[PDB]
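In the entry's author numbering, the protein residues as written are 311 to 324, 334 to 347, 355 to 376, 392 to 412, 427 to 462.
Each residue gets a CB set at the ideal place from its N, CA and C atoms; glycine is no exception.
Notes follow once the structure below has been shown.
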Amino acid sequence: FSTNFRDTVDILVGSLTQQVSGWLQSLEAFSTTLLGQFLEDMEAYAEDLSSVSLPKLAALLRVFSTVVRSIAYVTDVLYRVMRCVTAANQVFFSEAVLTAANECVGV
């Protein structure tokens with residue numbers, strides 16, 4: 311199961336979002359190491375600013406939130436990193452990524 315979820319996660323970054340989210344949540355360490363890649367990708371996307394990559398960032402935030410909800428000192432650092440990476444992109448002002456960011460921060 312450690313490698314079967316990779317295909318689902320990759321396919322979920324493409334209106335089947337609710338279906339894939341439900342399947343992933345019902346399907347259930356590896357999560358700790360998996361979130362690192364998502365954080366690195368988000369940081370790289372934000373650093374690449376200095392404009393079609395926005396949907397990718399939005400999808401990444403949504404899959405990250407779904408993975409987090411699928412299930427104590429690293430939570431604060433990861434939340435701060437996410438808030439900083441989201442606030443860094445203050446040029447395009449995309450609402451789609453903002454909603455996903457708000458949802459992930461709330462979760």
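From what residue to what residue does the alpha helix (DSSP H) around residue i run?
i	result
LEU402	395-411
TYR434	429-443
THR336	336-346
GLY362	356-373
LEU453	450-461
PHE315	314-321
Are the CB atoms of residue i and residue j nearer to each other than 7 Å?
i	j	result
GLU458	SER406	yes
What do you get for residue i, buried or exposed, if any count of 16 or more other CB atoms within 10 angstroms of its CB means buried?
i	result
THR359	exposed
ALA355	exposed
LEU335	exposed
Legend entry - Sufficient close CB pairs (3 or more, under 8 Å) joining the segment 366-373 to the segment 311-323: The segment 366-373, when compared against the segment 311-323, does not touch it at the 8 Å Cβ threshold.
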